[PDB]
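FYI, side chains are in, hydrogens and waters are out, and symmetry mates aren't considered; it's all heavy atoms of this structure. So you know, we letter chains A, B, ... as the sequences are listed, proteins then strands, and number each from 1.
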Amino acid sequence: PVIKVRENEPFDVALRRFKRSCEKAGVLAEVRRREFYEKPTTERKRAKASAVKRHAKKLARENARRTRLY
Amino acid sequence: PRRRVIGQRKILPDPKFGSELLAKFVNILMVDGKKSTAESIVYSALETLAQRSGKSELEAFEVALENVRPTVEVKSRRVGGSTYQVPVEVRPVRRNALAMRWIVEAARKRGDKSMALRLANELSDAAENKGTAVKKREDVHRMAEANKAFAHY
Amino acid sequence: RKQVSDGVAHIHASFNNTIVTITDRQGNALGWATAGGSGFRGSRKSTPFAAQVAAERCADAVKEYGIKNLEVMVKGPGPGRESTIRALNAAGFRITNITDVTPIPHXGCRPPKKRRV
Amino acid sequence: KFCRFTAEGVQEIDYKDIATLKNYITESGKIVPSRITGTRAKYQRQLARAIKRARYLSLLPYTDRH
RNA sequence: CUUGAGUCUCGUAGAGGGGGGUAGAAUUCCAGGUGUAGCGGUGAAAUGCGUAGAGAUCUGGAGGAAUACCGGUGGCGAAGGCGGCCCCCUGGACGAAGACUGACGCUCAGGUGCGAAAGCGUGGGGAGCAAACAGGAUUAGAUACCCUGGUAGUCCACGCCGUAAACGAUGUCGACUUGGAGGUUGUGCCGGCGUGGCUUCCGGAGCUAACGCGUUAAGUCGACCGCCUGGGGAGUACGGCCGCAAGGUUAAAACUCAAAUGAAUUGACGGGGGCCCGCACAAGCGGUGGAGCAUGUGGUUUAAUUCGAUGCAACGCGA
Ligand SMILES: [Mg+2]
Ligand SMILES: [Mg+2]
Ligand SMILES: [Mg+2]
Ligand SMILES: [Mg+2]
Ligand SMILES: [Mg+2]
Ligand SMILES: [Mg+2]
Ligand SMILES: [Mg+2]
Ligand SMILES: [Mg+2]
Ligand SMILES: [Mg+2]
Ligand SMILES: [Mg+2]
Ligand SMILES: [Mg+2]
Ligand SMILES: [Mg+2]
Ligand SMILES: [Mg+2]
Ligand SMILES: [Mg+2]
Ligand SMILES: [Mg+2]
Ligand SMILES: [Mg+2]
Ligand SMILES: [Mg+2]
Ligand SMILES: [Mg+2]
Ligand SMILES: [Mg+2]
């Protein structure tokens with residue numbers, strides 16, 4: 001994320017463009033993910049758990065628009 | 001409390017000057033429901049302080065209160081087993097409550113003979129930043145400033 | 001002494017500390033400051049306020065170069081990233097650039113083991 | 001969405017066609033996920049091979065910070 | 001004889017395998033420039049590094065290992081497994097139209113081969129990580145968890161080992177038996193309509209102790225193999241075989257018990273989660289704990305110091 005300060009662009013607005021360029025490139029998440037070694041078994045396990053619960057969430061939701069609360 | 005509905009309580013103004021603030025001061029000085037004693041102490045101290053300052057009663061009061069009122073204090077928030085002194089801005093009602101409490105405590109742990117003269121001398125020293133009450137204000141302010149990094153939870 | 005007026009601000013923002021270094025555009029350190037040397041230890045060193053104060057001090061240190069317009073290289077995941085730049089813009093510099101320079105391996109070396117706490 | 005490589009009769013993706021490939025990398029230079037562009041899986045693989053080839057010949061950068 | 005099995009033609013996707021080459025990012029080290037008082041680390045610290053110039057920053061160089069993004073309940077492979085890019089050698093699978101052979105098939109004791117990680121032998125290599133180890137902490141202790149280091153090893157070649165929760169805890173082959181939504185890869189007809197391979201999720205009958213499985217069956221059947229027969233003793237001993245070794249494999253008995261076990265249910269509990277409440281914290285005021293005395297109690301004493309209460313919920317209690 002290399003933000004150029006543009007003309008008449010005040011500081012706040014360029015700072016916010018930089019924060020979003022970073023949060024979009026995922027610099028911080030990549031850094032946190034590279035702090036400690038993770039065994040391949042743990043990697044495969046967390047990938048599968050995220051897939052299973054995303055799928056279960058979509059399914060529970062699309063049945064939630066078939067139940068009434070009151 | 002958890003619920004929250006503390007309707008505030010009616011306090012009469014003081015008879016001599018008609019000030020709710022001075023009545024709060026009498027209440028904070030009062031011991032064992034003996035309000036007549038406390039009122040006689042407060043009026044004697046205020047008359048003495050006004051003669052020794054020339055100003056007026058209910059203005060020398062607010063001048064001594066001004067140099068004791070804290071602006072920011074620290075609340076404890078435990079994070080890692082240990083605690084973080086967190087600076088928090090003091091509400092004006094609490095500003096005056098704490099100023100009065102500190103002034104009374106200071107005037108109590110003084111050396112003059114009667115409580116009226118001790119309170120007068122404490123009020124006089126607070127009007128030029130020399131008593132233990134303004135020392136407590138300064139200590140609280142320096143704690144909050146030494147913890148200013150933690151002005152977040 | 002010398003006049004440069006176009007500097008680069010390097011912020012090394014770790015979890016534990018913040019290091020602010022101002023150089024010229026050629027990489028020569030004119031001055032520096034750290035959160036841990038600006039009056040902060042342990043639980044305070046790793047806060048955005050300590051980094052802000054470190055950046056204040058590093059701006060105050062390079063005063064006799066007449067630096068006027070700064071580039072900003074941010075490196076690392078620590079708390080002192082945003083606050084340092086918000087204090088460089090304040091201190092008096094005309095921030096012209098903000099880049100992230102966090103090193104990312106494209107695979108790289110095996111990291112240390114996970115902490116069990 | 002709309003995988004553009006199907007709609008245009010594409011057999012190969014041609015790493016030498018830098019104008020096309022620049023649409024599928026970010027500013028950083030990273031390959032955009034097919035979930036963002038809606039490219040079909042077969043062409044996403046073709047595109048990845050093409051981008052890596054173009055990077056090797058210094059037609060595309062690996063990164064923003066070379 | 002041609003439908004099982006197989007051959008050929010044309011094409012398709014693929015981290016399938018073996019060999020070689022190469023690129024970029026990053027770590028570490030080396031040299032040099034700038035610069036100065038800290039860095040690093042943690043829950044907090046310390047050990048450690050640093051004025052003999054560290055950390056930071058910049059330029060050049062060396063070397064090893066791994067390949068961000070793509071990347072996907074995506075792909076390939078018999079399983080183990082396989083991921084930058086390029087070339088060489090090479091295996092399998094699938095589809096479309098046909099042509100060919102003519103039951104050539106399925107399973108498989110013994111045999112034979114492949115077989116993660118660790119480990120072993122010889123020779124290389126060694127960035128990062130890191131058993132052992134050392135120091136610093138923590139602790140009642142702390143041969144740990146945390147920190148600073150750090151050697152085998154992790155890498156390569158060749159040879160060995162032959163084991164893993166080597167798992168779908170589900171042997172292989174074949175047939176049949178309602179559906180729905182996706183993923184991936186072919187293919188016919190015109191985004192729409194078909195037809196194949198593999199694959200993920202749900203679910204019908206049926207099945208199941210139940211949980212669940214459900215055309216990729218744990219349903220309905222057939223062929224062949226492997227294996228089980230209460231818990232412990234014990235996958236241990238002895239013997240054989242195999243191994244350089246570590247050990248692997250085959251595999252008992254005495255003795256001892258009345259259980260051991262699976263699934264599910266109601267509770268209770270959690271240093272699990274969520275939402276609420278109470279002078280529970282917070283915000284406050286006044287106390288108790290110290291003194292003297294009153295009073296009860298424990299204890300001791302006594303001829304007797306009558307009996308009872310004796311965590312909260314006994315102790316100015318029955319009185
Ligand atoms: Mg660490
Ligand atoms: Mg056999
Ligand atoms: Mg090994
Ligand atoms: Mg070896
Ligand atoms: Mg060796
Ligand atoms: Mg260690
Ligand atoms: Mg076994
Ligand atoms: Mg496995
Ligand atoms: Mg598995
Ligand atoms: Mg088994
Ligand atoms: Mg089902
Ligand atoms: Mg044995
Ligand atoms: Mg033996
Ligand atoms: Mg309280
Ligand atoms: Mg007492
Ligand atoms: Mg008794
Ligand atoms: Mg009794
Ligand atoms: Mg009893
Ligand atoms: Mg009771």
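Considering only side-chain N and O atoms, D:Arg45 lies under 4.0 angstrom from the phosphate OP1 or OP2 of E:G14.
Pucker assignment for E:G84 gives north. The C1'-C2'-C3'-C4' angle has a positive sign.
Nearest nucleotide to the B:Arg94 side chain, out of E:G24, E:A283, E:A44: E:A283.
Counting any heavy atom pair closer than 4.0 Å across all strands shown, C:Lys45 reaches a base atom.
When Watson-Crick and G-U wobble pairs are counted only if both distances are under 3.5 Å, E:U122 pairs with E:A157. Pairing for E:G298 is absent, judged as Watson-Crick or G-U wobble with the two contacts each under 3.5 Å.
Contacts of B:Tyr84 classified as ring-ring contact (aromatic ring centres under 6.0 Å, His included), with partners at least two apart in sequence or in another chain: B:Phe150. By the ring-ring contact (aromatic ring centres under 6.0 Å, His included) test, B:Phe25 is found to be paired with B:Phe61, residues two or more places apart in sequence or in another chain being considered. In this view, C:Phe49 satisfies the ring-ring contact (aromatic ring centres under 6.0 Å, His included) rule with no residue, not counting sequence neighbours.
No Watson-Crick or G-U wobble pair links E:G153 with E:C198 when both atom distances must be under 3.5 Å.
Side-chain contact check for C:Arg57 and C:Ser38: at least one donor-acceptor pair (N or O, by modelled atom type) lies under 3.5 Å. For the residue pair B:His141 and B:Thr71, a side-chain donor N or O sits within less than 3.5 Å of a side-chain acceptor on the partner. At a cut-off of 3.5 Å, with distance as the only test, no side-chain donor of B:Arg137 or B:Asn67 sits close to an acceptor on the other residue.
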What nitrogen or oxygen pairs link the protein and nucleotides 27-29 of chain E at under 3.5 Å?
none

Collect all protein-nucleotide pairs involving nucleotides 280-282 of chain E in which both atoms are nitrogen or oxygen and the distance is under 3.5 Å.
unit_1	atom_1	unit_2	atom_2	d
E:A280	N1	B:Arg2	NH2	3.4
E:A280	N3	B:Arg2	NH2	3.4

Going by atom type alone, with no hydrogens or angles, which donor-acceptor pairs under 3.5 Å involve a side-chain atom of residues 60-70 of chain A and a protein atom two or more places apart or on another chain?
unit_1	atom_1	unit_2	atom_2	d
A:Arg66	NH1	A:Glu62	O	3.4
A:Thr67	OG1	A:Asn63	O	3.2

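In E:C104 the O4'-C1'-N dihedral to the base is within 90° of 0, which defines a syn nucleotide.
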